file my_file_29.cif (mmCIF, C-alpha atoms)
data_structure
loop_
_atom_site.label_atom_id
_atom_site.label_comp_id
_atom_site.auth_asym_id
_atom_site.auth_seq_id
_atom_site.Cartn_x
_atom_site.Cartn_y
_atom_site.Cartn_z
CA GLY A 1 0.00 0.00 0.00
CA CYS A 2 2.75 2.43 0.93
CA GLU A 3 5.84 0.46 -0.06
CA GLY A 4 8.84 1.82 -1.90
CA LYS A 5 9.20 4.77 0.46
CA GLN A 6 11.73 5.91 3.02
CA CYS A 7 10.92 5.76 6.72
CA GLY A 8 12.59 6.92 9.91
CA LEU A 9 13.24 10.63 10.27
CA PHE A 10 12.26 11.59 6.72
CA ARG A 11 9.33 9.18 6.55
CA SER A 12 7.60 9.47 3.19
CA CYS A 13 4.89 7.06 4.28
CA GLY A 14 1.99 7.06 6.70
CA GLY A 15 -0.76 4.77 7.89
CA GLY A 16 0.15 1.11 7.85
CA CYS A 17 3.65 0.54 6.52
CA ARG A 18 6.51 -1.54 7.85
CA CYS A 19 9.64 0.46 8.58
CA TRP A 20 12.55 -1.79 7.69
CA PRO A 21 15.91 -0.22 8.70
CA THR A 22 18.67 0.16 6.14
CA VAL A 23 22.43 0.73 6.34
CA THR A 24 21.94 4.14 7.91
CA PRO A 25 20.87 4.26 11.60
CA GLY A 26 17.44 5.87 11.66
CA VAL A 27 16.93 5.36 7.95
CA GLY A 28 14.67 2.67 6.57
CA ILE A 29 12.15 1.76 3.91
CA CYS A 30 8.38 1.56 4.10
CA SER A 31 6.92 -1.76 3.08
CA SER A 32 3.48 -2.77 1.77
CA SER A 33 1.97 -2.85 5.26
#
call {"tool": "encode", "arguments": {"input": "my_file_29.cif", "output": "structure tokens"}}
result
Amino acid sequence: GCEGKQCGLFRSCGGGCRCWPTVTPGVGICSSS
């Protein structure tokens, strides 16, 4: 639903998205749900 986005501090997603962390501490990616 809101996948392919960046989460964490600069979260470009909202609602029901999984915030999977990346290589940068505090930076992640928003998943489908």
call {"tool": "resolve_selection", "arguments": {"input": "my_file_29.cif", "expression": "the PyMOL selection byres ((chain A and resi 32) around 9)", "output": "VMD selection string"}}
result
chain A and resid 1 to 4 16 to 18 30 to 31 33
call {"tool": "resolve_selection", "arguments": {"input": "my_file_29.cif", "expression": "the PyMOL selection byres ((chain A and resi 20-29) around 6)", "output": "JSON, numbers by chain"}}
result
{"A": [5, 6, 7, 8, 19, 30]}
call {"tool": "write_last_selection", "arguments": {"input": "my_file_29.cif", "atoms": "C-alpha atoms", "output": "mmCIF file, in the coordinates of the input"}}
result
data_model
loop_
_atom_site.group_PDB
_atom_site.id
_atom_site.type_symbol
_atom_site.label_atom_id
_atom_site.label_comp_id
_atom_site.auth_asym_id
_atom_site.auth_seq_id
_atom_site.Cartn_x
_atom_site.Cartn_y
_atom_site.Cartn_z
ATOM 1 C CA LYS A 5 9.200 4.770 0.460
ATOM 2 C CA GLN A 6 11.730 5.910 3.020
ATOM 3 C CA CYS A 7 10.920 5.760 6.720
ATOM 4 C CA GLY A 8 12.590 6.920 9.910
ATOM 5 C CA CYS A 19 9.640 0.460 8.580
ATOM 6 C CA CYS A 30 8.380 1.560 4.100
#
call {"tool": "axis_aligned_box", "arguments": {"input": "my_file_29.cif", "around": "segment 9-28 of chain A", "padding_each_side": "4 Å", "output": "AutoDock Vina command-line options"}}
result
--center_x 10.8 --center_y 4.9 --center_z 7.4 --size_x 31.2 --size_y 21.4 --size_z 16.5
call {"tool": "decode", "arguments": {"input": "my_file_29.cif", "residues": "segment 2-31 of chain A", "atoms": "N, CA, C and O atoms", "output": "PDB file, in the first residue's frame"}}
result
ATOM      1  N   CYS A   2       1.864   1.284   0.850  1.00  0.00           N
ATOM      2  CA  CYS A   2       2.751   2.432   0.935  1.00  0.00           C
ATOM      3  C   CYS A   2       4.211   1.995   0.879  1.00  0.00           C
ATOM      4  O   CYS A   2       5.072   2.572   1.546  1.00  0.00           O
ATOM      5  N   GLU A   3       4.488   0.976   0.075  1.00  0.00           N
ATOM      6  CA  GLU A   3       5.843   0.460  -0.058  1.00  0.00           C
ATOM      7  C   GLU A   3       6.660   1.324  -1.006  1.00  0.00           C
ATOM      8  O   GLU A   3       6.128   2.210  -1.683  1.00  0.00           O
ATOM      9  N   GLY A   4       7.958   1.066  -1.040  1.00  0.00           N
ATOM     10  CA  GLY A   4       8.844   1.817  -1.902  1.00  0.00           C
ATOM     11  C   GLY A   4       9.005   3.253  -1.444  1.00  0.00           C
ATOM     12  O   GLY A   4       9.057   4.173  -2.260  1.00  0.00           O
ATOM     13  N   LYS A   5       9.031   3.443  -0.133  1.00  0.00           N
ATOM     14  CA  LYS A   5       9.198   4.766   0.455  1.00  0.00           C
ATOM     15  C   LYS A   5      10.281   4.703   1.512  1.00  0.00           C
ATOM     16  O   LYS A   5      10.723   3.618   1.884  1.00  0.00           O
ATOM     17  N   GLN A   6      10.695   5.850   2.000  1.00  0.00           N
ATOM     18  CA  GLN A   6      11.733   5.911   3.016  1.00  0.00           C
ATOM     19  C   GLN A   6      11.116   6.255   4.362  1.00  0.00           C
ATOM     20  O   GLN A   6      10.317   7.181   4.460  1.00  0.00           O
ATOM     21  N   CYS A   7      11.465   5.506   5.395  1.00  0.00           N
ATOM     22  CA  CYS A   7      10.920   5.760   6.717  1.00  0.00           C
ATOM     23  C   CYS A   7      12.011   6.240   7.666  1.00  0.00           C
ATOM     24  O   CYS A   7      13.162   6.428   7.264  1.00  0.00           O
ATOM     25  N   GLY A   8      11.644   6.434   8.924  1.00  0.00           N
ATOM     26  CA  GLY A   8      12.588   6.917   9.907  1.00  0.00           C
ATOM     27  C   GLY A   8      12.347   8.381  10.200  1.00  0.00           C
ATOM     28  O   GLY A   8      11.232   8.766  10.560  1.00  0.00           O
ATOM     29  N   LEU A   9      13.374   9.202  10.035  1.00  0.00           N
ATOM     30  CA  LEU A   9      13.236  10.633  10.273  1.00  0.00           C
ATOM     31  C   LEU A   9      12.458  11.277   9.126  1.00  0.00           C
ATOM     32  O   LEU A   9      11.440  11.933   9.347  1.00  0.00           O
ATOM     33  N   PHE A  10      12.917  11.052   7.900  1.00  0.00           N
ATOM     34  CA  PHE A  10      12.256  11.590   6.717  1.00  0.00           C
ATOM     35  C   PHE A  10      11.296  10.552   6.142  1.00  0.00           C
ATOM     36  O   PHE A  10      11.441  10.103   5.006  1.00  0.00           O
ATOM     37  N   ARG A  11      10.317  10.176   6.950  1.00  0.00           N
ATOM     38  CA  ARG A  11       9.332   9.179   6.555  1.00  0.00           C
ATOM     39  C   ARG A  11       8.393   9.715   5.476  1.00  0.00           C
ATOM     40  O   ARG A  11       7.650  10.669   5.696  1.00  0.00           O
ATOM     41  N   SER A  12       8.441   9.089   4.312  1.00  0.00           N
ATOM     42  CA  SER A  12       7.601   9.471   3.187  1.00  0.00           C
ATOM     43  C   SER A  12       6.408   8.524   3.080  1.00  0.00           C
ATOM     44  O   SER A  12       5.871   8.287   1.995  1.00  0.00           O
ATOM     45  N   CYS A  13       6.006   7.983   4.219  1.00  0.00           N
ATOM     46  CA  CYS A  13       4.888   7.059   4.281  1.00  0.00           C
ATOM     47  C   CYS A  13       4.097   7.283   5.562  1.00  0.00           C
ATOM     48  O   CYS A  13       4.630   7.797   6.549  1.00  0.00           O
ATOM     49  N   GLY A  14       2.830   6.901   5.542  1.00  0.00           N
ATOM     50  CA  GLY A  14       1.986   7.062   6.704  1.00  0.00           C
ATOM     51  C   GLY A  14       0.810   6.116   6.665  1.00  0.00           C
ATOM     52  O   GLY A  14       0.322   5.776   5.589  1.00  0.00           O
ATOM     53  N   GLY A  15       0.364   5.678   7.830  1.00  0.00           N
ATOM     54  CA  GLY A  15      -0.757   4.769   7.892  1.00  0.00           C
ATOM     55  C   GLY A  15      -0.353   3.405   8.401  1.00  0.00           C
ATOM     56  O   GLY A  15      -0.140   3.220   9.598  1.00  0.00           O
ATOM     57  N   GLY A  16      -0.228   2.459   7.488  1.00  0.00           N
ATOM     58  CA  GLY A  16       0.154   1.114   7.854  1.00  0.00           C
ATOM     59  C   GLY A  16       1.262   0.599   6.967  1.00  0.00           C
ATOM     60  O   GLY A  16       1.006  -0.091   5.983  1.00  0.00           O
ATOM     61  N   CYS A  17       2.490   0.964   7.297  1.00  0.00           N
ATOM     62  CA  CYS A  17       3.646   0.541   6.523  1.00  0.00           C
ATOM     63  C   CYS A  17       4.746   0.063   7.454  1.00  0.00           C
ATOM     64  O   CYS A  17       4.966   0.637   8.522  1.00  0.00           O
ATOM     65  N   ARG A  18       5.432  -0.988   7.052  1.00  0.00           N
ATOM     66  CA  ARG A  18       6.514  -1.540   7.846  1.00  0.00           C
ATOM     67  C   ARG A  18       7.785  -0.744   7.611  1.00  0.00           C
ATOM     68  O   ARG A  18       8.176  -0.519   6.468  1.00  0.00           O
ATOM     69  N   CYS A  19       8.412  -0.304   8.684  1.00  0.00           N
ATOM     70  CA  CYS A  19       9.641   0.459   8.575  1.00  0.00           C
ATOM     71  C   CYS A  19      10.836  -0.460   8.761  1.00  0.00           C
ATOM     72  O   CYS A  19      11.216  -0.785   9.886  1.00  0.00           O
ATOM     73  N   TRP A  20      11.399  -0.910   7.652  1.00  0.00           N
ATOM     74  CA  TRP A  20      12.553  -1.788   7.686  1.00  0.00           C
ATOM     75  C   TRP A  20      13.830  -0.964   7.587  1.00  0.00           C
ATOM     76  O   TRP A  20      14.069  -0.302   6.578  1.00  0.00           O
ATOM     77  N   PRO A  21      14.654  -0.982   8.648  1.00  0.00           N
ATOM     78  CA  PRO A  21      15.907  -0.221   8.703  1.00  0.00           C
ATOM     79  C   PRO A  21      16.883  -0.596   7.592  1.00  0.00           C
ATOM     80  O   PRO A  21      16.902  -1.732   7.116  1.00  0.00           O
ATOM     81  N   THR A  22      17.691   0.371   7.190  1.00  0.00           N
ATOM     82  CA  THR A  22      18.671   0.161   6.140  1.00  0.00           C
ATOM     83  C   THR A  22      20.087   0.182   6.710  1.00  0.00           C
ATOM     84  O   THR A  22      20.308  -0.212   7.853  1.00  0.00           O
ATOM     85  N   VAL A  23      21.035   0.662   5.915  1.00  0.00           N
ATOM     86  CA  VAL A  23      22.427   0.726   6.339  1.00  0.00           C
ATOM     87  C   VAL A  23      22.672   1.942   7.228  1.00  0.00           C
ATOM     88  O   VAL A  23      23.624   1.978   8.005  1.00  0.00           O
ATOM     89  N   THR A  24      21.804   2.932   7.117  1.00  0.00           N
ATOM     90  CA  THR A  24      21.939   4.143   7.907  1.00  0.00           C
ATOM     91  C   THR A  24      21.037   4.095   9.141  1.00  0.00           C
ATOM     92  O   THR A  24      19.830   3.880   9.028  1.00  0.00           O
ATOM     93  N   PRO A  25      21.620   4.273  10.338  1.00  0.00           N
ATOM     94  CA  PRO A  25      20.869   4.261  11.598  1.00  0.00           C
ATOM     95  C   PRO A  25      19.798   5.349  11.634  1.00  0.00           C
ATOM     96  O   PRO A  25      20.104   6.539  11.644  1.00  0.00           O
ATOM     97  N   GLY A  26      18.541   4.925  11.641  1.00  0.00           N
ATOM     98  CA  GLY A  26      17.437   5.866  11.661  1.00  0.00           C
ATOM     99  C   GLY A  26      16.792   5.986  10.297  1.00  0.00           C
ATOM    100  O   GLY A  26      15.760   6.639  10.137  1.00  0.00           O
ATOM    101  N   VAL A  27      17.413   5.347   9.317  1.00  0.00           N
ATOM    102  CA  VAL A  27      16.926   5.355   7.950  1.00  0.00           C
ATOM    103  C   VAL A  27      16.403   3.974   7.580  1.00  0.00           C
ATOM    104  O   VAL A  27      17.052   2.964   7.861  1.00  0.00           O
ATOM    105  N   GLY A  28      15.241   3.928   6.960  1.00  0.00           N
ATOM    106  CA  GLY A  28      14.669   2.667   6.566  1.00  0.00           C
ATOM    107  C   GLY A  28      13.757   2.814   5.374  1.00  0.00           C
ATOM    108  O   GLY A  28      13.675   3.889   4.780  1.00  0.00           O
ATOM    109  N   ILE A  29      13.067   1.747   5.032  1.00  0.00           N
ATOM    110  CA  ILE A  29      12.149   1.759   3.906  1.00  0.00           C
ATOM    111  C   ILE A  29      10.777   1.246   4.312  1.00  0.00           C
ATOM    112  O   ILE A  29      10.649   0.278   5.064  1.00  0.00           O
ATOM    113  N   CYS A  30       9.760   1.923   3.815  1.00  0.00           N
ATOM    114  CA  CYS A  30       8.378   1.564   4.096  1.00  0.00           C
ATOM    115  C   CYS A  30       7.953   0.419   3.196  1.00  0.00           C
ATOM    116  O   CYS A  30       8.162   0.453   1.981  1.00  0.00           O
ATOM    117  N   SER A  31       7.377  -0.595   3.804  1.00  0.00           N
ATOM    118  CA  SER A  31       6.923  -1.765   3.082  1.00  0.00           C
ATOM    119  C   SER A  31       5.425  -1.677   2.794  1.00  0.00           C
ATOM    120  O   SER A  31       4.782  -0.687   3.147  1.00  0.00           O
TER     121      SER A  31
END
